[PDB]
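Q: Provided herewith is a single structure, encoded as structure tokens, for subsequent inquiry.
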Amino acid sequence: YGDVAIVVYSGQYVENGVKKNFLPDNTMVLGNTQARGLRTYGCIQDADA
Amino acid sequence: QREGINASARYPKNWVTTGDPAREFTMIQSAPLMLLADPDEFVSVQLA
Amino acid sequence: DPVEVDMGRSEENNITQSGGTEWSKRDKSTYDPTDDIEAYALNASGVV
Amino acid sequence: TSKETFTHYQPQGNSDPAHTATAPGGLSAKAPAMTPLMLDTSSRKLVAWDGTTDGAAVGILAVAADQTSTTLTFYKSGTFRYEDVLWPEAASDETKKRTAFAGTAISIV
Amino acid sequence: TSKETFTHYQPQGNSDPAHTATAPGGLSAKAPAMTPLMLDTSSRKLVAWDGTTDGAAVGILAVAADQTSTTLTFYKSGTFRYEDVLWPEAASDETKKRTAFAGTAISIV
Amino acid sequence: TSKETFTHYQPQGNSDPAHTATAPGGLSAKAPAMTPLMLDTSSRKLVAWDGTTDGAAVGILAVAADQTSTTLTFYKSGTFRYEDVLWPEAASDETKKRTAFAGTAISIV
Amino acid sequence: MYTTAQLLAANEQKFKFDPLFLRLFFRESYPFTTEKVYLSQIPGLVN
Amino acid sequence: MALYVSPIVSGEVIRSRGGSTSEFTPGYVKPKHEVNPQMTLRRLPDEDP
């Protein structure tokens with residue numbers, strides 16, 4: 001769309017028994033594809049770990 | 001079954017009846033059983 | 001004798017347009033039918 | 001202009017054999033082919049089926065004959081089409097017309 | 001534990017061919033195969049044999065059906081084994097059942 | 001035509017150990033597995049849970065048994081799924097069924 | 001006993017599940033060694 | 001969905017999936033025809049006189 005790309009996301013996640021959409025019905029997000037995001041992971045609190 | 005053609009798509013057969021009234025016949029035998037592995041692959045929209 | 005085949009189709013893939021908004025009670029010039037197509041093809045389980 | 005459709009003529013409805021037999025007859029008028037017969041209750045002489053005495057069907061005529069014919073040749077087996085066999089107008093309901101020959105090797109398809 | 005007694009499914013008892021026919025059906029209850037039939041006393045439709053009306057047998061049902069079947073298909077010739085025929089519960093005499101089809105191309109052997 | 005659903009047989013619902021025990025039994029009828037048991041008030045034999053007495057549940061039967069079985073093997077600890085236990089028809093309340101085994105080592109998930 | 005059943009092909013039925021978010025904005029991953037985590041940001045406003 | 005259970009008490013045993021079969025057995029068809037040798041006496045609509 002010029003400087004901006006248009007992406008349609010219809011991913012679905014499963015609840016206890018049903019299927020639902022990740023995003024609400026009528027929303028958009030404006031951001032940078034180079035924006036920094038963190039995938040931080042905690043400590044494994046298991047006895048064997 | 002006598003010719004070992006149990007597994008076949010179609011099967012033609014021609015024959016004639018004995019006796020003083022003689023009549024021939026013709027038949028095609030088969031068993032078409034269309035199936036779909038994934039019934040949910042398609043969506044049948046009925047418009048109005 | 002009757003033989004009934006349940007291929008396994010769900011009710012989510014038998015959309016019936018019946019109601020008050022199917023396609024014939026819409027404006028010919030303003031409405032876009034592609035949204036209905038993309039909505040009906042959402043529950044397809046594979047490429048269409 | 002005029003049309004003369006050439007349609008075939010198949011009285012049999014199934015591949016079952018259609019046997020025949022002969023018996024004395026007591027017809028009162030001309031009876032064409034495939035006219036059902038009944039057995040008289042007085043002298044037991046074959047006549048045309050009246051279409052009212054239920055269960056009186058005995059056979060279907062195979063050769064045209066009139067009241068001068070002493071012997072009638074009638075079928076006693078096989079399957080026949082409804083549209084080809086000539087049944088009397090006395091029987092008006094189709095259900096009773098179908099099962100008139102039950103109990104005998106003759107059948108109607 | 002549980003046995004698997006396997007008997008070959010041979011309804012016929014002789015080399016006599018078994019000829020079939022079709023006629024309107026008026027069943028009042030579910031009727032499996034090998035079920036004897038009579039004609040209705042009033043509507044002359046085909047119903048299950050009661051086992052008490054003498055001479056009412058006219059044929060043996062060929063395919064399973066129910067009240068939703070307008071027309072039944074039944075055998076009209078040949079011989080059948082006495083043990084394979086699903087006799088009605090009312091008919092308690094073996095001798096009467098063995099000769100119940102006399103006067104018709106159906107026979108019990 | 002017909003449909004047969006195959007589901008994995010998992011009575012357990014949690015990693016809790018399932019310890020078995022043996023005790024005299026006083027059943028009066030056929031009782032399949034996964035049946036709750038209670039103590040008899042008079043003779044203290046094991047009987048099928050009536051589903052009405054509060055706190056009478058003492059365990060879940062592990063192996064099938066009948067009235068002639070003088071010894072019964074039943075679970076005495078662990079967690080069991082709700083849908084896998086054959087609850088008596090008297091206990092018609094979900095909450096009481098889910099808390100019927102409370103106070104013992106048996107739990108329902 | 002005498003059944004003679006032949007099984008044909010089966011089905012798959014997986015989800016329509018593609019992240020688009022663990023691949024576009026969250027490309028960088030870190031583990032932990034601590035309990036809490038701070039996230040500082042300096043307000044850069046010169047005079 | 002993957003529950004957020006705390007790492008102290010326990011984790012529930014998720015029921016395994018799989019298993020559904022059906023049968024579609026019999027099928028048949030047979031369109032018999034006759035020859036009726038008495039129709040060959042007359043002429044067909046083709047085969048100009």
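Chain lettering (A, B, ...) mirrors the order of the structure tokens, residue numbering begins at 1 for each chain separately, and ligand numbering begins at 1 in order of display.
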Might you pull out every residue within 12 Å of residue 33 (chain B), with only C-alpha atoms counted and same-chain residues fewer than 6 positions away left off, and present them as a list in words?

A: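 Selected residues are residues 9 of chain B; 3, 4, 5 and 7 of chain C; 23, 24, 25, 26, 27, 28 and 29 of chain H.
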
Q: At a cut-off of 10 Å, list the chain H residues touching chain A, using only C-alpha atoms, as a PyMOL selection string.

A: chain H and resi 1-3+7-8

Q: Could the residues in this selection be saved with N, CA, C and O atoms as a PDB file, in the first residue's frame?

A:
```pdb
ATOM      1  N   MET H   1      -6.506 -26.049  24.956  1.00  0.00           N
ATOM      2  CA  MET H   1      -5.713 -24.924  25.420  1.00  0.00           C
ATOM      3  C   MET H   1      -4.794 -25.401  26.543  1.00  0.00           C
ATOM      4  O   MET H   1      -5.124 -26.314  27.304  1.00  0.00           O
ATOM      5  N   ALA H   2      -3.621 -24.787  26.656  1.00  0.00           N
ATOM      6  CA  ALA H   2      -2.619 -25.199  27.638  1.00  0.00           C
ATOM      7  C   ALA H   2      -2.849 -24.387  28.908  1.00  0.00           C
ATOM      8  O   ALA H   2      -2.639 -23.170  28.927  1.00  0.00           O
ATOM      9  N   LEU H   3      -3.277 -25.071  29.966  1.00  0.00           N
ATOM     10  CA  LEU H   3      -3.679 -24.395  31.191  1.00  0.00           C
ATOM     11  C   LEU H   3      -2.481 -23.745  31.873  1.00  0.00           C
ATOM     12  O   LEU H   3      -1.331 -24.140  31.675  1.00  0.00           O
ATOM     13  N   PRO H   7       3.307 -24.040  39.158  1.00  0.00           N
ATOM     14  CA  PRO H   7       4.291 -25.129  39.212  1.00  0.00           C
ATOM     15  C   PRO H   7       4.566 -25.626  40.620  1.00  0.00           C
ATOM     16  O   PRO H   7       5.726 -25.839  40.984  1.00  0.00           O
ATOM     17  N   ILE H   8       3.521 -25.816  41.422  1.00  0.00           N
ATOM     18  CA  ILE H   8       3.706 -26.327  42.775  1.00  0.00           C
ATOM     19  C   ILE H   8       2.832 -27.553  43.027  1.00  0.00           C
ATOM     20  O   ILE H   8       3.297 -28.543  43.602  1.00  0.00           O
TER      21      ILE H   8
END
```

Q: I'd like the superposed chain F, fitted onto chain D by least squares over all Cα atoms in order, as a short mmCIF file (atom, residue, chain, number, x, y, z; two decimals) with C-alpha atoms, in the first residue's frame.

A:
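Output (selection_7.cif):
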```cif
data_model
loop_
_atom_site.label_atom_id
_atom_site.label_comp_id
_atom_site.auth_asym_id
_atom_site.auth_seq_id
_atom_site.Cartn_x
_atom_site.Cartn_y
_atom_site.Cartn_z
CA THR F 1 -49.60 -33.73 -39.90
CA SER F 2 -50.62 -36.95 -38.18
CA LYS F 3 -48.28 -38.66 -35.71
CA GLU F 4 -47.66 -42.40 -35.33
CA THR F 5 -45.59 -43.61 -32.37
CA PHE F 6 -43.69 -46.89 -32.82
CA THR F 7 -43.01 -48.78 -29.59
CA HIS F 8 -41.48 -52.22 -29.17
CA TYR F 9 -44.00 -54.92 -28.28
CA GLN F 10 -42.72 -56.30 -24.95
CA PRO F 11 -45.51 -57.85 -22.84
CA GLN F 12 -42.88 -59.31 -20.51
CA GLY F 13 -41.29 -57.17 -17.82
CA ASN F 14 -38.93 -59.68 -16.23
CA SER F 15 -36.82 -62.68 -17.26
CA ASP F 16 -39.45 -65.00 -15.78
CA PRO F 17 -40.44 -67.79 -18.22
CA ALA F 18 -43.88 -67.45 -19.81
CA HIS F 19 -45.51 -70.88 -19.84
CA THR F 20 -48.68 -71.41 -21.88
CA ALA F 21 -51.57 -73.77 -21.24
CA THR F 22 -54.80 -74.86 -22.91
CA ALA F 23 -58.25 -75.11 -21.36
CA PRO F 24 -61.92 -75.12 -22.40
CA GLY F 25 -63.36 -71.65 -22.80
CA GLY F 26 -66.78 -70.09 -22.50
CA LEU F 27 -66.30 -66.59 -23.87
CA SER F 28 -69.36 -64.69 -25.10
CA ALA F 29 -67.71 -61.88 -27.09
CA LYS F 30 -64.55 -60.96 -28.96
CA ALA F 31 -61.57 -60.90 -26.58
CA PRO F 32 -58.16 -59.66 -27.79
CA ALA F 33 -54.86 -60.89 -26.44
CA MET F 34 -53.57 -59.92 -22.99
CA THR F 35 -57.04 -60.34 -21.45
CA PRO F 36 -57.45 -61.72 -17.92
CA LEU F 37 -59.57 -64.85 -17.56
CA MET F 38 -61.57 -66.37 -14.71
CA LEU F 39 -63.39 -69.61 -13.98
CA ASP F 40 -67.13 -69.88 -14.51
CA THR F 41 -68.91 -70.60 -11.24
CA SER F 42 -71.43 -73.05 -12.74
CA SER F 43 -69.92 -74.79 -15.78
CA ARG F 44 -66.25 -74.03 -14.92
CA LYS F 45 -65.51 -72.80 -18.44
CA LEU F 46 -63.05 -69.97 -18.97
CA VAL F 47 -64.65 -66.52 -19.27
CA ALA F 48 -63.44 -62.94 -19.43
CA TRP F 49 -62.63 -61.54 -16.00
CA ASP F 50 -65.45 -59.33 -14.74
CA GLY F 51 -63.00 -57.18 -12.78
CA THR F 52 -65.03 -57.31 -9.55
CA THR F 53 -64.58 -60.77 -8.00
CA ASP F 54 -61.52 -60.92 -5.75
CA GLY F 55 -59.04 -63.67 -6.58
CA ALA F 56 -61.01 -64.91 -9.59
CA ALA F 57 -58.11 -64.26 -11.99
CA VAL F 58 -56.46 -67.50 -13.11
CA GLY F 59 -54.39 -66.32 -16.05
CA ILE F 60 -53.96 -64.04 -19.04
CA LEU F 61 -55.21 -65.02 -22.49
CA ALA F 62 -52.35 -65.54 -24.94
CA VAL F 63 -54.08 -66.01 -28.32
CA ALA F 64 -57.18 -64.26 -29.64
CA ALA F 65 -60.42 -66.22 -29.44
CA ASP F 66 -64.17 -65.80 -29.81
CA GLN F 67 -67.37 -67.38 -28.49
CA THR F 68 -66.99 -70.20 -31.04
CA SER F 69 -63.51 -71.12 -29.73
CA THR F 70 -63.87 -74.31 -27.70
CA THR F 71 -60.22 -74.19 -26.58
CA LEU F 72 -58.26 -71.22 -25.23
CA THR F 73 -54.50 -70.85 -24.81
CA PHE F 74 -53.51 -68.64 -21.89
CA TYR F 75 -50.41 -67.77 -19.90
CA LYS F 76 -50.10 -69.46 -16.51
CA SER F 77 -46.74 -68.15 -15.24
CA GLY F 78 -44.46 -65.15 -15.62
CA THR F 79 -44.38 -61.39 -15.15
CA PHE F 80 -46.39 -58.98 -17.29
CA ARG F 81 -46.25 -55.21 -17.67
CA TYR F 82 -49.09 -53.10 -16.29
CA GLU F 83 -49.79 -51.05 -19.42
CA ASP F 84 -49.92 -54.08 -21.76
CA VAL F 85 -52.79 -55.95 -20.07
CA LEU F 86 -56.27 -54.95 -21.28
CA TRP F 87 -57.86 -54.60 -17.86
CA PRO F 88 -61.67 -54.69 -17.65
CA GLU F 89 -63.37 -51.36 -17.02
CA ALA F 90 -64.94 -52.61 -13.77
CA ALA F 91 -61.54 -52.93 -12.05
CA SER F 92 -61.02 -49.18 -11.72
CA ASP F 93 -58.52 -49.34 -8.82
CA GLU F 94 -54.80 -49.48 -9.60
CA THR F 95 -53.88 -51.37 -6.42
CA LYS F 96 -56.41 -54.17 -6.94
CA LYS F 97 -55.32 -54.50 -10.57
CA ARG F 98 -51.65 -54.75 -9.58
CA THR F 99 -52.48 -57.46 -7.02
CA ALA F 100 -55.31 -59.18 -8.92
CA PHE F 101 -53.09 -62.12 -9.93
CA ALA F 102 -51.46 -62.51 -6.51
CA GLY F 103 -51.41 -66.07 -5.19
CA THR F 104 -50.86 -67.53 -8.67
CA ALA F 105 -47.72 -67.68 -10.80
CA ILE F 106 -48.83 -64.57 -12.74
CA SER F 107 -47.31 -61.30 -11.55
CA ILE F 108 -47.73 -57.68 -12.65
CA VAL F 109 -44.79 -55.29 -12.76
#
```

Q: Residues near residue 41 (chain C), anyone? I mean within 12 Å using only C-alpha atoms, not counting same-chain ones fewer than 3 positions away, as a PyMOL selection string.

A: (chain A and resi 10) or (chain B and resi 40-45) or (chain C and resi 12-15+34-38+44-48)

Q: Could you give me, as a VMD selection string, the residues within 12 Å of region 37-40 of chain G, counting only C-alpha atoms and dropping anything in the same chain fewer than 3 positions from it?

A: (chain A and resid 37 to 38 40 to 42) or (chain G and resid 30 to 34 43)

Q: With a distance threshold of 12 Å and counting only C-alpha atoms, extract the residues of chain A near chain C and express them as a list in words.

A: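 Listing them in order of chain and number gives residues 8, 9, 10, 11, 12, 19, 20 and 21 of chain A.
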
Q: Using only C-alpha atoms, I'd like every residue of chain H that has an atom within 7 Å of chain B; please write them out as a list in words.

A: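 Filtering chain H at 7 Å from chain B with only C-alpha atoms gives residues 27, 28, 29, 30, 31, 32, 33, 34, 35 and 36 of chain H.
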
Q: Could you give me, as a short mmCIF file (atom, residue, chain, number, x, y, z; two decimals) with N, CA, C and O atoms, in the first residue's frame, each residue of chain C that DSSP assigns to alpha helix (DSSP H) when run on this structure's backbone?

A:
```
data_model
loop_
_atom_site.label_atom_id
_atom_site.label_comp_id
_atom_site.auth_asym_id
_atom_site.auth_seq_id
_atom_site.Cartn_x
_atom_site.Cartn_y
_atom_site.Cartn_z
N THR C 34 -17.63 -10.63 -1.96
CA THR C 34 -16.40 -11.33 -1.61
C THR C 34 -16.29 -11.59 -0.12
O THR C 34 -15.67 -12.58 0.30
N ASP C 35 -16.87 -10.72 0.71
CA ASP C 35 -16.84 -10.94 2.15
C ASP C 35 -17.61 -12.20 2.53
O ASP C 35 -17.17 -12.97 3.39
N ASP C 36 -18.76 -12.43 1.89
CA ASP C 36 -19.49 -13.67 2.13
C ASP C 36 -18.67 -14.88 1.72
O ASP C 36 -18.68 -15.91 2.41
N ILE C 37 -17.96 -14.78 0.60
CA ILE C 37 -17.13 -15.90 0.14
C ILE C 37 -16.03 -16.20 1.15
O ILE C 37 -15.81 -17.36 1.52
N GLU C 38 -15.33 -15.16 1.61
CA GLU C 38 -14.23 -15.38 2.54
C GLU C 38 -14.74 -15.86 3.90
O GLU C 38 -14.04 -16.58 4.61
N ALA C 39 -15.96 -15.47 4.28
CA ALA C 39 -16.53 -15.96 5.53
C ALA C 39 -16.94 -17.42 5.41
O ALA C 39 -16.72 -18.21 6.33
N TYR C 40 -17.56 -17.79 4.28
CA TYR C 40 -18.03 -19.16 4.11
C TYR C 40 -16.87 -20.13 3.91
O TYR C 40 -16.96 -21.30 4.28
#
```

Q: Hey, can you check how far CA of residue 38 (chain B) sits from CA of residue 8 (chain C)?

A: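 We find that CA of residue 38 (chain B) and CA of residue 8 (chain C) lie 7.9 Å from each other.
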
Q: When you draw a straight line from CA of residue 8 (chain G) to CA of residue 15 (chain H), how long is it in Å?

A: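 Pair CA of residue 8 (chain G) / CA of residue 15 (chain H) returns 26.6 Å.
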
Q: Between B:36, B:3, B:46, B:19, which is the closest to chain D once you count only C-alpha atoms?

A: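 Nearest to chain D: B:19.
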
Q: Compile the residues of chain G that lie within 10 Å of chain A, evaluated using only C-alpha atoms, and express the compilation as a ChimeraX atom specification.

A: /G:15-37

Q: With N, CA, C and O atoms retained, write the just-selected residues as a tab-separated table (two decimals), in the first residue's frame.

A:
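Resulting contents of part-v1.tsv:
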```tsv
chain	number	residue	atom	x	y	z
G	15	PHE	N	-5.09	-27.88	12.43
G	15	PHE	CA	-5.59	-26.53	12.62
G	15	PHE	C	-5.17	-25.61	11.47
G	15	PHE	O	-4.24	-25.90	10.72
G	16	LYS	N	-5.87	-24.48	11.37
G	16	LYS	CA	-5.41	-23.34	10.58
G	16	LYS	C	-4.70	-22.39	11.54
G	16	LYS	O	-5.20	-21.33	11.90
G	17	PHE	N	-3.48	-22.77	11.92
G	17	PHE	CA	-2.76	-22.09	12.99
G	17	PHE	C	-1.37	-21.72	12.49
G	17	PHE	O	-0.50	-22.59	12.39
G	18	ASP	N	-1.17	-20.44	12.19
G	18	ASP	CA	0.13	-19.90	11.82
G	18	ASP	C	0.35	-18.64	12.64
G	18	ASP	O	-0.51	-17.75	12.64
G	19	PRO	N	1.48	-18.53	13.35
G	19	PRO	CA	1.62	-17.44	14.34
G	19	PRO	C	1.53	-16.04	13.76
G	19	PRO	O	0.62	-15.28	14.12
G	20	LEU	N	2.46	-15.68	12.87
G	20	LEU	CA	2.59	-14.34	12.29
G	20	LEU	C	3.10	-13.34	13.33
G	20	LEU	O	3.48	-12.22	12.98
G	21	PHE	N	3.17	-13.75	14.60
G	21	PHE	CA	3.60	-12.86	15.66
G	21	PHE	C	4.86	-13.32	16.36
G	21	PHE	O	5.64	-12.48	16.82
G	22	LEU	N	5.09	-14.63	16.46
G	22	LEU	CA	6.37	-15.16	16.87
G	22	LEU	C	7.39	-15.15	15.74
G	22	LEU	O	8.49	-15.69	15.90
G	23	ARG	N	7.04	-14.53	14.62
G	23	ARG	CA	7.88	-14.50	13.43
G	23	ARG	C	8.08	-13.10	12.87
G	23	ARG	O	9.04	-12.89	12.12
G	24	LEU	N	7.23	-12.13	13.22
G	24	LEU	CA	7.32	-10.77	12.70
G	24	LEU	C	7.91	-9.79	13.70
G	24	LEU	O	8.80	-9.02	13.35
G	25	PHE	N	7.42	-9.78	14.94
G	25	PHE	CA	7.86	-8.82	15.94
G	25	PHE	C	8.68	-9.42	17.07
G	25	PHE	O	9.50	-8.72	17.65
G	26	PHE	N	8.49	-10.70	17.37
G	26	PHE	CA	9.13	-11.36	18.51
G	26	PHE	C	10.29	-12.24	18.08
G	26	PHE	O	10.47	-13.35	18.61
G	27	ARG	N	11.08	-11.78	17.11
G	27	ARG	CA	12.12	-12.62	16.53
G	27	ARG	C	13.22	-12.98	17.52
G	27	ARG	O	13.88	-14.01	17.37
G	28	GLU	N	13.42	-12.16	18.55
G	28	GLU	CA	14.55	-12.33	19.47
G	28	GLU	C	14.08	-12.97	20.76
G	28	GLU	O	13.06	-12.56	21.34
G	29	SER	N	14.82	-13.97	21.23
G	29	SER	CA	14.46	-14.75	22.41
G	29	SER	C	15.59	-14.74	23.42
G	29	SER	O	16.77	-14.77	23.05
G	30	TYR	N	15.23	-14.69	24.71
G	30	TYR	CA	16.18	-14.75	25.81
G	30	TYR	C	15.67	-15.67	26.90
G	30	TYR	O	14.45	-15.76	27.12
G	31	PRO	N	16.56	-16.38	27.59
G	31	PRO	CA	16.17	-17.10	28.80
G	31	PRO	C	16.32	-16.20	30.03
G	31	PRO	O	16.69	-15.04	29.93
G	32	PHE	N	16.03	-16.77	31.19
G	32	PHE	CA	16.17	-16.08	32.46
G	32	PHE	C	17.20	-16.76	33.36
G	32	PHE	O	17.50	-17.95	33.22
G	33	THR	N	17.72	-15.97	34.28
G	33	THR	CA	18.49	-16.48	35.41
G	33	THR	C	18.01	-15.84	36.70
G	33	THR	O	18.35	-16.33	37.79
G	34	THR	N	17.18	-14.81	36.62
G	34	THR	CA	16.67	-14.05	37.75
G	34	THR	C	15.19	-14.38	37.96
G	34	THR	O	14.62	-15.25	37.29
G	35	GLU	N	14.56	-13.68	38.90
G	35	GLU	CA	13.14	-13.85	39.18
G	35	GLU	C	12.30	-12.76	38.53
G	35	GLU	O	11.40	-13.05	37.74
G	36	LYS	N	12.58	-11.50	38.84
G	36	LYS	CA	11.89	-10.39	38.21
G	36	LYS	C	12.65	-9.94	36.96
G	36	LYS	O	13.79	-10.34	36.71
G	37	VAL	N	11.99	-9.11	36.16
G	37	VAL	CA	12.62	-8.52	34.98
G	37	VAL	C	12.23	-7.05	34.88
G	37	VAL	O	11.05	-6.70	34.93
```

Q: Kindly give the distance, in Å, that separates CA of residue 12 (chain G) and CA of residue 39 (chain B), rounded to a single decimal.

A: 11.7 Å
